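Here is the file work07.txt (compact mmCIF, C-alpha atoms).
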```txt
# COMPACT_ATOMS: atom_id res chain seq x y z
CA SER A 1 100.89 115.22 131.42
CA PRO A 2 98.23 117.04 133.52
CA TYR A 3 97.64 119.50 130.69
CA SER A 4 98.05 119.57 126.91
CA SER A 5 100.70 122.26 127.44
CA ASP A 6 103.43 119.62 127.76
CA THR A 7 102.54 118.24 124.34
CA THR A 8 103.47 121.01 121.92
CA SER A 9 105.66 119.27 119.35
CA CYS A 10 104.07 116.91 116.84
CA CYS A 11 105.32 113.36 116.35
CA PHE A 12 107.23 113.07 113.09
CA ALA A 13 108.42 109.55 113.78
CA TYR A 14 107.07 106.15 114.77
CA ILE A 15 107.84 103.96 117.75
CA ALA A 16 110.52 101.28 117.40
CA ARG A 17 107.91 98.52 117.46
CA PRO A 18 104.08 98.46 117.95
CA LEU A 19 102.96 99.15 121.53
CA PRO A 20 100.52 96.98 123.52
CA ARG A 21 97.01 98.27 122.85
CA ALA A 22 95.84 96.61 126.06
CA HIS A 23 97.98 98.93 128.19
CA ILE A 24 96.52 101.94 126.44
CA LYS A 25 93.96 103.93 128.41
CA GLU A 26 93.11 106.78 126.04
CA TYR A 27 94.29 108.68 122.96
CA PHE A 28 94.64 112.27 121.73
CA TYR A 29 95.77 114.19 118.65
CA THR A 30 98.96 116.24 118.41
CA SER A 31 97.86 119.63 117.19
CA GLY A 32 96.12 118.97 113.90
CA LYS A 33 97.90 121.93 112.31
CA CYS A 34 101.02 119.75 112.19
CA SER A 35 102.33 118.76 108.75
CA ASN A 36 101.07 115.23 109.28
CA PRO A 37 98.22 114.10 111.57
CA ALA A 38 99.21 111.96 114.54
CA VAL A 39 97.65 110.49 117.65
CA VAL A 40 99.44 109.81 120.92
CA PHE A 41 98.64 106.71 122.95
CA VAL A 42 98.48 106.92 126.73
CA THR A 43 100.15 103.98 128.46
CA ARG A 44 99.81 103.01 132.14
CA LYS A 45 102.43 105.64 133.03
CA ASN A 46 101.48 108.16 130.33
CA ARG A 47 104.50 107.40 128.15
CA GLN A 48 104.98 109.28 124.87
CA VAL A 49 103.65 107.04 122.08
CA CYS A 50 103.36 108.19 118.48
CA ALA A 51 101.23 106.41 115.88
CA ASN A 52 99.69 107.51 112.57
CA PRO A 53 95.84 107.40 112.72
CA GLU A 54 95.77 107.18 108.92
CA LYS A 55 96.87 103.55 109.17
CA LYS A 56 94.18 100.85 109.23
CA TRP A 57 95.99 98.85 111.92
CA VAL A 58 96.43 101.98 114.05
CA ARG A 59 92.73 102.82 113.74
CA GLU A 60 91.97 99.50 115.43
CA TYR A 61 94.10 100.67 118.35
CA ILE A 62 92.13 103.89 118.67
CA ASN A 63 88.86 102.00 118.14
CA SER A 64 89.45 99.82 121.23
CA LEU A 65 89.55 103.07 123.23
CA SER A 66 86.38 104.44 121.68
CA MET A 67 83.60 101.81 121.42
CA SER A 68 82.54 99.40 124.17
CA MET B 1 130.51 87.54 128.09
CA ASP B 2 129.25 90.06 125.53
CA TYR B 3 126.73 92.55 126.87
CA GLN B 4 124.50 94.68 124.65
CA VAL B 5 121.96 95.94 127.16
CA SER B 6 121.57 99.62 128.08
CA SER B 7 118.41 99.14 130.17
CA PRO B 8 115.28 99.41 127.97
CA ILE B 9 112.81 101.81 129.58
CA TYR B 10 110.77 102.98 126.57
CA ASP B 11 112.45 106.42 126.57
CA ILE B 12 115.43 104.88 124.79
CA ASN B 13 115.02 102.16 122.03
CA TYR B 14 111.25 102.47 121.75
CA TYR B 15 111.23 106.26 121.33
CA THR B 16 114.55 106.69 119.50
CA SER B 17 113.52 105.27 116.14
CA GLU B 18 114.53 107.95 113.64
CA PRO B 19 117.52 107.02 111.34
CA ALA B 20 115.56 103.87 110.51
CA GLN B 21 112.75 105.91 108.99
CA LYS B 22 112.47 106.74 105.29
CA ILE B 23 112.57 110.54 105.43
CA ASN B 24 112.08 111.49 101.77
CA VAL B 25 114.49 108.94 100.32
CA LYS B 26 114.15 107.48 96.83
CA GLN B 27 115.05 103.79 96.86
```

Just dump the structure as structure tokens.
Amino acid sequence: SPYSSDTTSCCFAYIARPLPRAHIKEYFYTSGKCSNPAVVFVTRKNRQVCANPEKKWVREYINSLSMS
Amino acid sequence: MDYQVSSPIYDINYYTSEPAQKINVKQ
């Protein structure tokens, strides 16, 4: 996704099983205005990953992308 | 033999988890 235009719909579901945080490069929010907040994880090939940032375990995933 | 593989490439299994989610169900 070169632009955020591709990502219009908000994730209302979770991935089958937890994704590898080590293959995650960066993260981004859906739209915010969505019924429920959600953050998409960017894999090596920019696959569509949906995880709820309100979860403590998910926050750790986002954290690894933020701090050093 | 029995085969149950449909080639997992994320787009399928990984991102097709929906009927297994509790969408407003009282259990």

Pick out the chain B residues within 10 Å of chain A. Count all atoms listed in the file. Give them as a list in words.
->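 The contacting residues on chain B are residues 10, 11, 12, 13, 14, 15, 16, 17, 18, 19, 20, 21, 22 and 23 of chain B.
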
Contacts of stretch 21-33 of chain A within 7 Å, only C-alpha atoms, excl. fewer than 2 positions in-chain, as number ranges by chain | A: 10, 19, 35, 37-44, 61-62, 65

Rounded to one decimal in Å, what is the spacing between atom CA of residue A:45 and atom CA of residue A:7?
->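 Separation of atom CA of residue A:45 and atom CA of residue A:7: 15.3 Å.
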
What does the distance between atom CA of residue A:6 and atom CA of residue B:24 come to in Å, to one decimal place?
->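 Interatomic distance, atom CA of residue A:6 to atom CA of residue B:24: 28.6 Å.
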
Around stretch 14-17 of chain B, fit a box with edges along x, y and z, padding it by 3 Å on each side, then list its centre and edge lengths in Å to one decimal as lines of an AutoDock Vina configuration file.
```
center_x = 112.9
center_y = 104.6
center_z = 118.9
size_x = 9.3
size_y = 10.2
size_z = 11.6
```

Any idea what the distance is between atom CA of residue B:27 and atom CA of residue A:59?
->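 Straight-line distance from atom CA of residue B:27 to atom CA of residue A:59 works out to 28.0 Å.
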
Identify the residues around (101.2, 112.6, 131.4) within a radius of 6 Å, measuring from all atoms listed in the file in the coordinates stated by the file, and give them as number ranges by chain.
-> A: 1-2, 46

Complete the atoms of stretch 16-37 of chain A to N, CA, C and O atoms and put them out as a PDB file, keeping the file's coordinate frame.
```
ATOM      1  N   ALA A  16     109.684 102.398 117.818  1.00  0.00           N
ATOM      2  CA  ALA A  16     110.520 101.280 117.400  1.00  0.00           C
ATOM      3  C   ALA A  16     109.667 100.105 116.911  1.00  0.00           C
ATOM      4  O   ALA A  16     109.786  99.663 115.767  1.00  0.00           O
ATOM      5  N   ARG A  17     108.809  99.612 117.790  1.00  0.00           N
ATOM      6  CA  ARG A  17     107.910  98.520 117.460  1.00  0.00           C
ATOM      7  C   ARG A  17     106.526  98.824 118.026  1.00  0.00           C
ATOM      8  O   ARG A  17     106.414  99.635 118.948  1.00  0.00           O
ATOM      9  N   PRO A  18     105.451  98.221 117.472  1.00  0.00           N
ATOM     10  CA  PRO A  18     104.080  98.460 117.950  1.00  0.00           C
ATOM     11  C   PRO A  18     103.940  98.280 119.466  1.00  0.00           C
ATOM     12  O   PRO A  18     104.500  97.348 120.047  1.00  0.00           O
ATOM     13  N   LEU A  19     103.192  99.182 120.085  1.00  0.00           N
ATOM     14  CA  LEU A  19     102.960  99.150 121.530  1.00  0.00           C
ATOM     15  C   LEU A  19     101.756  98.277 121.865  1.00  0.00           C
ATOM     16  O   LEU A  19     100.918  98.011 121.001  1.00  0.00           O
ATOM     17  N   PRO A  20     101.655  97.791 123.113  1.00  0.00           N
ATOM     18  CA  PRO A  20     100.520  96.980 123.520  1.00  0.00           C
ATOM     19  C   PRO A  20      99.259  97.826 123.668  1.00  0.00           C
ATOM     20  O   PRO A  20      99.181  98.713 124.519  1.00  0.00           O
ATOM     21  N   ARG A  21      98.269  97.534 122.840  1.00  0.00           N
ATOM     22  CA  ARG A  21      97.010  98.270 122.850  1.00  0.00           C
ATOM     23  C   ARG A  21      96.239  98.055 124.155  1.00  0.00           C
ATOM     24  O   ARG A  21      95.409  98.879 124.544  1.00  0.00           O
ATOM     25  N   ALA A  22      96.527  96.953 124.828  1.00  0.00           N
ATOM     26  CA  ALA A  22      95.840  96.610 126.060  1.00  0.00           C
ATOM     27  C   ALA A  22      96.287  97.488 127.230  1.00  0.00           C
ATOM     28  O   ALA A  22      95.560  97.645 128.209  1.00  0.00           O
ATOM     29  N   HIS A  23      97.474  98.069 127.126  1.00  0.00           N
ATOM     30  CA  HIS A  23      97.980  98.930 128.190  1.00  0.00           C
ATOM     31  C   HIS A  23      97.702 100.387 127.871  1.00  0.00           C
ATOM     32  O   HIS A  23      98.190 101.293 128.547  1.00  0.00           O
ATOM     33  N   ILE A  24      96.894 100.602 126.846  1.00  0.00           N
ATOM     34  CA  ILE A  24      96.520 101.940 126.440  1.00  0.00           C
ATOM     35  C   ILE A  24      95.193 102.321 127.081  1.00  0.00           C
ATOM     36  O   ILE A  24      94.217 101.569 126.999  1.00  0.00           O
ATOM     37  N   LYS A  25      95.163 103.472 127.737  1.00  0.00           N
ATOM     38  CA  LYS A  25      93.960 103.930 128.410  1.00  0.00           C
ATOM     39  C   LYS A  25      93.129 104.862 127.526  1.00  0.00           C
ATOM     40  O   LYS A  25      91.910 104.707 127.422  1.00  0.00           O
ATOM     41  N   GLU A  26      93.789 105.820 126.897  1.00  0.00           N
ATOM     42  CA  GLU A  26      93.110 106.780 126.040  1.00  0.00           C
ATOM     43  C   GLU A  26      94.051 107.318 124.962  1.00  0.00           C
ATOM     44  O   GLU A  26      95.244 107.003 124.959  1.00  0.00           O
ATOM     45  N   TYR A  27      93.506 108.115 124.047  1.00  0.00           N
ATOM     46  CA  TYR A  27      94.290 108.680 122.960  1.00  0.00           C
ATOM     47  C   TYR A  27      93.983 110.170 122.777  1.00  0.00           C
ATOM     48  O   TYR A  27      92.996 110.678 123.310  1.00  0.00           O
ATOM     49  N   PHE A  28      94.834 110.853 122.020  1.00  0.00           N
ATOM     50  CA  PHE A  28      94.640 112.270 121.730  1.00  0.00           C
ATOM     51  C   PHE A  28      95.506 112.680 120.543  1.00  0.00           C
ATOM     52  O   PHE A  28      96.546 112.075 120.280  1.00  0.00           O
ATOM     53  N   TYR A  29      95.058 113.695 119.822  1.00  0.00           N
ATOM     54  CA  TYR A  29      95.770 114.190 118.650  1.00  0.00           C
ATOM     55  C   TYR A  29      96.877 115.161 119.064  1.00  0.00           C
ATOM     56  O   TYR A  29      96.849 115.728 120.160  1.00  0.00           O
ATOM     57  N   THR A  30      97.846 115.329 118.180  1.00  0.00           N
ATOM     58  CA  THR A  30      98.960 116.240 118.410  1.00  0.00           C
ATOM     59  C   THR A  30      98.518 117.687 118.471  1.00  0.00           C
ATOM     60  O   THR A  30      98.406 118.282 119.544  1.00  0.00           O
ATOM     61  N   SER A  31      98.282 118.248 117.305  1.00  0.00           N
ATOM     62  CA  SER A  31      97.860 119.630 117.190  1.00  0.00           C
ATOM     63  C   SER A  31      96.923 119.816 116.012  1.00  0.00           C
ATOM     64  O   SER A  31      96.169 120.786 115.952  1.00  0.00           O
ATOM     65  N   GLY A  32      96.972 118.885 115.067  1.00  0.00           N
ATOM     66  CA  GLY A  32      96.120 118.970 113.900  1.00  0.00           C
ATOM     67  C   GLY A  32      96.725 119.850 112.822  1.00  0.00           C
ATOM     68  O   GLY A  32      96.699 119.506 111.642  1.00  0.00           O
ATOM     69  N   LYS A  33      97.283 120.984 113.237  1.00  0.00           N
ATOM     70  CA  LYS A  33      97.900 121.930 112.310  1.00  0.00           C
ATOM     71  C   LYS A  33      99.253 121.401 111.836  1.00  0.00           C
ATOM     72  O   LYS A  33      99.831 121.918 110.875  1.00  0.00           O
ATOM     73  N   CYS A  34      99.751 120.379 112.529  1.00  0.00           N
ATOM     74  CA  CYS A  34     101.020 119.750 112.190  1.00  0.00           C
ATOM     75  C   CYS A  34     101.011 119.291 110.732  1.00  0.00           C
ATOM     76  O   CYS A  34      99.945 119.042 110.157  1.00  0.00           O
ATOM     77  N   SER A  35     102.197 119.182 110.141  1.00  0.00           N
ATOM     78  CA  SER A  35     102.330 118.760 108.750  1.00  0.00           C
ATOM     79  C   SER A  35     101.572 117.466 108.500  1.00  0.00           C
ATOM     80  O   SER A  35     100.836 117.345 107.520  1.00  0.00           O
ATOM     81  N   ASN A  36     101.745 116.507 109.398  1.00  0.00           N
ATOM     82  CA  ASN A  36     101.070 115.230 109.280  1.00  0.00           C
ATOM     83  C   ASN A  36     100.289 114.936 110.554  1.00  0.00           C
ATOM     84  O   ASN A  36     100.779 115.186 111.660  1.00  0.00           O
ATOM     85  N   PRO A  37      99.054 114.430 110.422  1.00  0.00           N
ATOM     86  CA  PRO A  37      98.220 114.100 111.570  1.00  0.00           C
ATOM     87  C   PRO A  37      98.797 112.936 112.370  1.00  0.00           C
ATOM     88  O   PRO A  37      99.338 111.985 111.798  1.00  0.00           O
TER      89      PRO A  37
END
```
